[PDB]
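For reference, the structure is listed below as structure tokens.
Every number here is computed from the coordinates shown, using simple stated rules; none is lab data. Please note: Cβ atoms are built from the backbone with ideal geometry, for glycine as well, and neighbour counts cover all protein chains shown.
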């Protein structure tokens, strides 16, 4: 209930005990002349001053030192050479072993495990069990602060194991290290590689599911390569483990519990270091900052999760002070019961780099039910706010799973939420940048303040409605989406789609329509389009595409495919820059463009070598069935404020602006232009005669010589450029005269 940061700090600085009867045992001659003799410790040496017994009250074995558990002993070999074993010291109560074994290989496992526990007296004693071997090689299971008898009898107080080898502490596969409610241990060798089931926190008794049950593996002195293999924190209780490592922690499979915590704490920057009565100074530490080269390579996070149902989840958590929290190819698992199991992958003052697939219930998709809201959560650099949470692997979310990241810069590579839906994809803590590479949504609750998703896929929701892409907060000013590609929805109903809630600008480069998926763009006032603005099926469109805007702007060279199949609706000041909007008829009728407030336009001296004239400013392609002698509404307008970069293009002139607007438009038929026909030599005579359908330009190119760097307007096509309408009066495909009129020159400024 106090927390682990108080508990490890208050047992970091204690006086050991007050033991009377300090026994001293020295191994003399005989041990120090056989380097491979394979001795024992208990029967050969330690059973002299360690007595067995029976605890009255549900015991199996019982061991203390001499005449009670309050007597220090020691073993001082310092030259004994060989190899040894403990092999069966179970339910040791004792107190203050310190087996000093220089140049002596140890082995705490042979045919039987071990145990080290204290009793809960009125003196509140520890054990402080030390070893100072050369190698250790645990090689069988070991319990620290275990259950001495069976529930009843005497209770168990705290303890300390300390293993201070000089060459390395390996372990065997069946060596389940399992320290309990009050136990700690320290290691001091180099290159500890525990290949066994490390078990921090266990049920000390049979049914006490509400114990605090702290632990500690403080491998502070390890100068080599710490390498755990298989941890397990918590067992049917709210254990709060902690590890104070030595800035390199490669572990393997991690098996947390539901309500289990973990605190991997990297070292600091320079490394570690009738009368009044005065208690000693209790120096405490808050959550500090790890050093620069602090690496914690947790390469698999599983979770055990079963049991009852509480009103919330349980929120397993690991807290890391390291400047890196790399998570490799194993990825993150999440076992999920009927309620919502949650994990917290938190980093205080570091980074997080996950390169693995986020699973749940041990599959990649991982559907969850309504009450089981599995909640992924990542915190990269909380107390420094410069920490990045880079996910260099394509994640995959099912249904009722919720990613949230509260970092400084959350880079990504791909997000899959369109398969399951109901995914709160929160980003509310992100400072400045979100680099999502690919997004797939069905019913998502995206909340980003600033991003640039360079490619966006918005899928539908099958056939049911109420499920859609939803940006639920302000999108900001530096936001951007380089590619939006909606896919074709369901039949005759806008079931899937996008909607916004706030924002002011969203610089889009490229867009695709889709039938029956709506691109609602609420409240954003500067929706820019930079390049091609077409549909997902540009060859054979159908359906409708609700582009329910409030404002939009189109820049240079952004071609459009505007038809009756896309009701582009504007409620604001549409500004068109040098962009060639193309039209199509789909049955002879020209699809008018419905401007709500204003369609202001402004252009350039956009002359090119493709024509010799300016760019075709508005084209109408595939209008072969264009209805003659009938007003074709080209675009609806309310205020046409037309201009160019100056009064006159190609420098400056005094020409009124609206008349050369009619020059740059195009009516594209027979693979050429019918509005004008820009003819520069004798070769495009043939193409112009293909356009107008006359044999006067087919057989003889010298028939018409008004066109050496010139052009001519076809009469029968009338265009309005006033302040309220842009219309087309297609009434004649007239044969042009040679020297009678309706002819222009070229600007000749390519």
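A few comments on the model shown:
- Strands (runs of 3 or more DSSP E) fully within region 667-750 counting 2 or more residues that are under 56 Å from the mean Cα position of the chain (by Cα) and more than 16 Å from residue 612 (Cβ to Cβ): 725-730
- Only a single criterion out of (1) over 22 Å from the mean Cα position of the chain (by Cα); (2) assigned to a strand (DSSP E or B) is not satisfied by residue 292, namely (2).
- If you go through region 695-722 and keep only what is exposed (fewer than 12 other Cβ atoms within 10 Å of the Cβ) and over 20 Å from residue 684 (Cβ atoms), you end up with just 722.
- Matching residues in region 78-99 - criterion: being in contact with a strand residue (DSSP E or B) (Cβ under 6 Å, 6 or more places away or on another chain) and more than 20 Å from residue 144 (Cβ to Cβ): 83
- Residues that are surrounded by 22 or more Cβ atoms within 10 Å (Cβ to Cβ) and farther than 12 Å from residue 230 by Cα, drawn from region 186-211: 187, 189, 192, 201, 202
- In summary, strands (runs of 3 or more DSSP E) completely within region 512-629 and bearing 1 or more residues that are over 30 Å from residue 461 (Cβ atoms) occur at 573-576, 581-583, 598-603, 618-620.
- Among the residues of region 305-329, just one is touching a strand residue (DSSP E or B) at 6+ places or on another chain (Cβ under 6 Å), surrounded by fewer than 18 Cβ atoms within 10 Å (Cβ to Cβ) and under 17 Å from residue 235 (Cα atoms), namely 315.
- Residue 497 vs. criteria part of a loop (DSSP other than H, G, I, E, B), within 29 Å of the chain's Cα centre (by Cα) and buried (at least 16 other Cβ atoms within 10 Å of the Cβ): no
- Verdict on residue 169 being within 39 Å of the chain's Cα centre (by Cα) and more than 20 Å from residue 260 (Cα to Cα): yes
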